[PDB]
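The structure that follows is given in the form of structure tokens.
The first chain written gets the first letter, and so on, giving A, B, C, D, E, F, G and H; residue counts start at 1 in each chain.
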Amino acid sequence: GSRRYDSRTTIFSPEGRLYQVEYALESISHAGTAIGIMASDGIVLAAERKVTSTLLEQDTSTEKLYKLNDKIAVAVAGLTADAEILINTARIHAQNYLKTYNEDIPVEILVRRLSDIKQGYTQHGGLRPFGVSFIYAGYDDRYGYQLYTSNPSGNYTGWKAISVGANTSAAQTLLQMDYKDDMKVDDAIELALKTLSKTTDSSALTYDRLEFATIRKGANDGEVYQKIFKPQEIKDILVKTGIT
Amino acid sequence: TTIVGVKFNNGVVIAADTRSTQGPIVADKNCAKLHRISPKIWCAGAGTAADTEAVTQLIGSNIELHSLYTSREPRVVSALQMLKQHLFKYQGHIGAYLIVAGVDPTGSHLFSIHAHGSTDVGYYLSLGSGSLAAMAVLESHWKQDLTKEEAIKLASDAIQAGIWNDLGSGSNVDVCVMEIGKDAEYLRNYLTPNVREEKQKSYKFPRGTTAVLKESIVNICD
Amino acid sequence: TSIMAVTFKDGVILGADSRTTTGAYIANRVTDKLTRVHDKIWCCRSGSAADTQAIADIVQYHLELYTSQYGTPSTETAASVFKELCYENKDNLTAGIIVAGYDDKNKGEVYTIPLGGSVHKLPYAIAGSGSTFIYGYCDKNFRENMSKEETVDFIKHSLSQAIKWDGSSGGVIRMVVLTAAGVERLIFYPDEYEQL
Amino acid sequence: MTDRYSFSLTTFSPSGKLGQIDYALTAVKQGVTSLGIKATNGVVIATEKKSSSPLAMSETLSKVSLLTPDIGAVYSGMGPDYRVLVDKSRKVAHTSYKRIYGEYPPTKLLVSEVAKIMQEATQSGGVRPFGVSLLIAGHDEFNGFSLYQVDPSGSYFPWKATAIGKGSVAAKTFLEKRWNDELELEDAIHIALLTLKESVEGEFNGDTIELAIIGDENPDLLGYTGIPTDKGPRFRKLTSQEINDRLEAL
Amino acid sequence: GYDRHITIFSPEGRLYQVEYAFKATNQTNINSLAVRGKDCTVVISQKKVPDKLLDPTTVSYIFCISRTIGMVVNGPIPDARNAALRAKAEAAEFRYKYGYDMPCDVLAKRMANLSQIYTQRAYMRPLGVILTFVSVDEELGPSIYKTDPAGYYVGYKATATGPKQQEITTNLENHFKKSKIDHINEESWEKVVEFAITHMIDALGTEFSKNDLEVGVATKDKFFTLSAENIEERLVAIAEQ
Amino acid sequence: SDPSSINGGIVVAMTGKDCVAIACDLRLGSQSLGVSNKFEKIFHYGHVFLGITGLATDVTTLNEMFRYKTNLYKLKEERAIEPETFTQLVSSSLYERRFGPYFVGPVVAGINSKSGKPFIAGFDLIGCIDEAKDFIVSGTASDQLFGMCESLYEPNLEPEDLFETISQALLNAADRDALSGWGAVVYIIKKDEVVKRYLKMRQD
Amino acid sequence: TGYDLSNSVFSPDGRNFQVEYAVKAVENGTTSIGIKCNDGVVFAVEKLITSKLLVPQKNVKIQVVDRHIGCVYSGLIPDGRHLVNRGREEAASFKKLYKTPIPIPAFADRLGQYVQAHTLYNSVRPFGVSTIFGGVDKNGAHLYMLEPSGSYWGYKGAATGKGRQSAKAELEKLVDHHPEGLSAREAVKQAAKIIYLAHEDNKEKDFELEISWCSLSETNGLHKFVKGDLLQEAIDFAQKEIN
Amino acid sequence: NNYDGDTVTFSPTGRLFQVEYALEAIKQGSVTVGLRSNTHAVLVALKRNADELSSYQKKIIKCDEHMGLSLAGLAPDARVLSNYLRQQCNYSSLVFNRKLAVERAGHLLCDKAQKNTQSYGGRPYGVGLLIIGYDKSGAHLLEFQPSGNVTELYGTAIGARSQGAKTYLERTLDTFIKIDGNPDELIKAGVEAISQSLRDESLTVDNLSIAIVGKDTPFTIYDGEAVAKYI
């Protein structure tokens, strides 16, 4: 019968790893680097686009950074289309929680459910895993500002600063070197851009090859604001830290 | 409601009053009972208000998709078959009573559909609470070989009979004309014989007449 | 509603009045109750208009698919498809159907399918509310192997009387002639049939 | 009997590639060239109607398809795959949008739905990816004019102008030279016609070229009058005659 | 290569199972041809009964799909009958759902879609057949639309299918270059049939008796096949010329 | 037993010159027993305002549902839903429950942010849209509101006048209905300020 | 290759090797035939007598469908039974809906479509039988033969199994020498002869002969088994001819 | 070889190897014999034990008052198939008040086994059965094989070395076929037949199993002291 053509996407190797998870991670390692840095007064998300053409429509574009609700955003490394499937799920999950409890969903709870969905594809159903790693940036009134990552295994962890995609090795070393606990958002912005600047596989880091977002306490008293940067705003903030 | 359909030389015309009721109360003084199924197939609907509207939109949507799939202009008989089979399935619980008309590559057409899913063919039809007042006029003045102008007159006269004599109909006359080889022309509020007379008095109040306990600015922004 | 079908020398004729009512209101005075489910297999419908149309449409579809695969269906086969639908769905249908067709082997045939979905092959059949009033008349005047003109007269006189006494019947008298020659539609107006 | 293929036919190789997606893209490479260009007041999508025999009537085979009155699509790759995607795309515009909001979806959201369908053929059990790339041009009230590319993975990107298939490397280079943010629709049609001459072998006339625009509302194409707010489809297919008129002044 | 056993892509972006289904198309070694008149659409196909034990009347590759649509198949008979039953059911359902007769081109698209599915979903094999649909459409007039195992389809001025298809194709293209029109400029279907048989004879370089052919004709409101006798009467008229 | 008149309540909306008003009473009762004096019946999603009368559990449920749907709309469309569009979403949502409906009388009010047009509409429990130039009424005192509106109303009232007119329609209608009243709230809505005022009214 | 390991896979020539392998199982089976006659059809089959211990006459192989159709087959016997069970369900459902007994051409396509369906998927195996069947309907007599591929045609006479060639040659002589027709009682005799002739290609074990027929005049258009005097009379006419 | 992975695959010569392997479990089975006269039908089965400490596995199962069977091969498969027969016999009784014809029992078993030889995922039954019964046309013996082939015989045997008993029964045919009106003489001939298939060993009291059904005799099974009469 059909057994002949089944790759068995959910088995252990003799070493006890999950082939498809490992191979999905290998795929992700060639994607545009994305960085998240957490400050005491906000969070930065910065990410590098995949080798652009001059004709790409840069301002109506989105590939790396998506809004999950008003208090939570993600940066994507991996297959964009796989990521959109998970993002819509996550958006719906957030609204169900709000509908049930009349309270915005705590960041971890959203992260956990998405990670559980990923985990399921590694244990049953015989389908390939999602080729995606996320950096979650969000705020809630229990833990304040939070960063997490998840990858195709459905494993998630919390961070002060983290990268995913290409060159995370170099990026993690650079972040470790210059990160400090008392840091502010505007310092974190600079750290994120300088780190991408040094790990990038292109000759120079320009506005048109980036996506950028902040999550600040940055409006009127106690309430949180998400800013997905327009191209001109990235151009300015690139000058303002002297990379161009 | 009162609604009608009248065939003529080179096409077909439909019309309707514009009253909507809830019990003895007029809910809407100028509703639209003429519905576009496709550009040259239009439907008049009486009965349960939302049912006429939903069934007409659903079939209109499926007709559009069918038209795209087949690369042809949709036919009135297709709308008729889809409507009748949908309504039959629901055993009259979808309370839509419809006059379906239009022009297609086959010619010009006029049908009626009852809520249980039975259909008729005719040269002149009427449905709704006012259908007996309208049919009185139609049976009195209809003839073989009507011009477009004669048909529009007959049809709006039939609706007028409903407006004046049926408490379930009122306000304005809407018309749609579907002629072979031309664009369908929808004549919204073709007749308006029930304009409110001027009021005797303005009831505009001295500012501050209303006692207020609190005020505040609502935040509609981000 | 008054309907009938009559076998004769050359085939079979179906006839019907043209009235459909909602209570005492005449919703349609020129209805066509004679409906084609195949080239030379027709039926006359009585009962719920929605039910009988739904049934006839399904039968027409079945016989068009039968035809595609197996050639022209017999009149018996058509009556069996009507029956299957009427019998299996007897709780939800109010349909009294007369089936009539012309084979070349079998000549004219008439099957009547009353309310419960039983089947009855007959020389002729009458049905509908108006039929009660002409049982006496039709039994007295029907003979086998009448001519086309005799059969048209029988039906015209029969339905004339059904129409006269039954308030739920009226309008024009329609007939469909089924022979080896083809299919012929007849119509007869009040001013003719009323004063027979 | 029944489908016992409930496992994925696209999976990760040890290098991280998804073989079937790569191979689908290869089928797209072999496909006939198609392109799209965004002007300030319109979008143009075009391709070559490469006919299979001259006994075929190639007007019966439309490569450029209306999806909604303001959205059109063209493709490169496997024609049959495209045809069923158009069928599904048209339907999803209704089921997942118009039947809910009483209006047609904005371009990016319809594109989003098509992309979803294509992504699922990349992960679901017992199917292969779609062997096509789409270019979808459209207009909607709050976003104006837009142009998107959708690939076999389900990924989509917005373009100022681009091309896909056979001669797409050369055609993307040509468009880089000629595109500016001030192009008026007529200029973009002319540039589209020039770019497409590069990649076409044989006859190059209005019977071998298929070209449509998303431009002004066309009241004459509506089919009825009397609703002031219904102004007509912005999608228009250029006729054989209209294409030739523009080829002499080329 | 398991990419050669099921309908997944090969490294060069090809579907081998679809290509091999095209090769099964010629298993019967029959050629078929279709042309349009003014009023009609004619299709002819070779009829070869090798075995003397066969009842020749049951050997056919032409099908009456509906009252108005005929279909000729190039490919093995079991797959051909499968396609015919499906097309018959689809045409009947269309009539019931939409209240008018299914157009030739729409049935062609529908069957082409079903074939597309077999090229994408692994558990279904493609059918090893090519299907030529013919009618005199009430909107479009005389119509020829053809389907293959790739799920491709298109309308034709005229067409041919089978092992010696190229010979017939070029023969027909040469006629239409000369005639400068879209069809056979002829009043009677009998003469359009005569044209079809005549141009099959030149192109294949063979003569036909009455049992070597099989003919289907579509007019307004019917599609029908010819008896051995109606064909003989047609062969006779070509000869006396 | 009649779900539309267990809890009580009313909503009314009116157009003016480049403005709209929507008002509601504050009562929530259980038949003759008044239970809550603070039960507001108007909600908003961005700049689109929705009033809902009828069975209170469905009022709450529908608010939570339309907040849900408009939040996802905004995330996917990247813009606030407009009143014309939201009105369609309300209609489809209600009709989807055709044979087990929400027992409600919703009312949409807002200004379209592109065109500047003031917009109001009402619905029956099953989704039939009633679009109106002048006013929409709903709830247990709807006869009374129809009477007040149809006589008090005139076109093109300035915001501060419309306030007086809508408030008097609501107050005097409520006082003729046993199940309406116990407080009121009025929203005056202009292109970009919205003022919310609580009226003083008889507490019986 | 490995194109032949899974049903429904096209080989590069365009063949389904699993069906062709099913044909080998058919060729390995005992001989069976049908002869179409004036107003009917006759079916016969060779039953190898494996052992003394088989009860003579009590291992019947020809099968009736409805009341007017006979089916015989060579190859895997259980597959043939499964196919006939399906044929019986198809005949019942036709009669239920349409009242008339299923026409033979109609019946032939029901079997054909079902057998063809078992070449569409890799999760089923093709039928390991060729089936000869037919009977009498309102249009006369019909004989059919159906292969593992689902291929079938109408036949003047037909044969399958180990002795198919010898039988085919024998059938061809009858078709040439009787262009006006063969009578039903005549066809029964010829059937016995051909089964005896065809038993040459299988002569290890000796055999038991079995015949059945439908004739408008001789069986009233119903399927019946030929036993008793008429069987022995035809056994004798066969004996006479091999000597 | 390459063609024996599952039952859904024909070999290039048209064989079904998984069925052939199921047939092989029968051949490793302990021997059993069937034979009948015109008035009775008898089963004899040599039961096998695991070792000296174990029971001797039952090989005979009653299906109805007038029908039963003996098994050779996988026992759980005999239990499944015998249970199906019990149900079929039972349905015939409850619905039609009619004892199931041994011949129909045979056709029903053939059809049940056949399904498992044409579909993916299932396997063939790995057991052979001998079915005896007395119905409205007298005594019957049936041989079932998991290929689906069922055959009516005067006598037969299956299992290891069943070839001896089968030759014996082939010679003895004319004798036993007319042991009418005599239970103990049909049995003794059956016990004799089975003896032609013994090696290193002979029939003891916890080793031999016999069943009989016939004209005025319910299907009954003898084991233990009640077979001593026969050794």
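Simple rule for what comes next: a residue touches a chain if its C-beta (ideal position, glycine included) is under 8 Å from a C-beta of that chain, and two chains touch if they have at least 3 such contacts.
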item	value
Between subunit C and subunit F, the fewest steps along chains that touch one another	2
Partner chains that subunit C and subunit D have in common	B, E, G
Between subunit E and subunit B, distance of the C-alpha-averaged centres to the nearest whole Å	48
Between subunit B and subunit D, centroid-to-centroid distance (C-alpha), Å	38
Centre-of-Cα separation between subunit B and subunit A, whole angstrom	54
Multi-partner residues of subunit A (each touching 2 or more other chains)	1-2, 4-5
Junction residues of subunit E - those touching two or more other chains	5-6, 85, 96, 105, 109, 122-123
Residues within subunit H bordering two or more other chains	8, 119-121
Subunit C - residues contacting subunit G, complex	62, 66, 69-70, 73-74, 76-77, 79-81, 84, 105
Partner subunit F, residues of subunit D touching it in the complex	99-103, 106, 109, 112, 141-142
Touch list for subunit E against partner subunit A, complex	2, 5-6, 122-123
Subunit A residues touching subunit G - in the complex, by the definition given at the top	1-2, 4
In the complex, subunit D residues that touch subunit B	66, 87, 90-91, 94, 98-99, 222-227
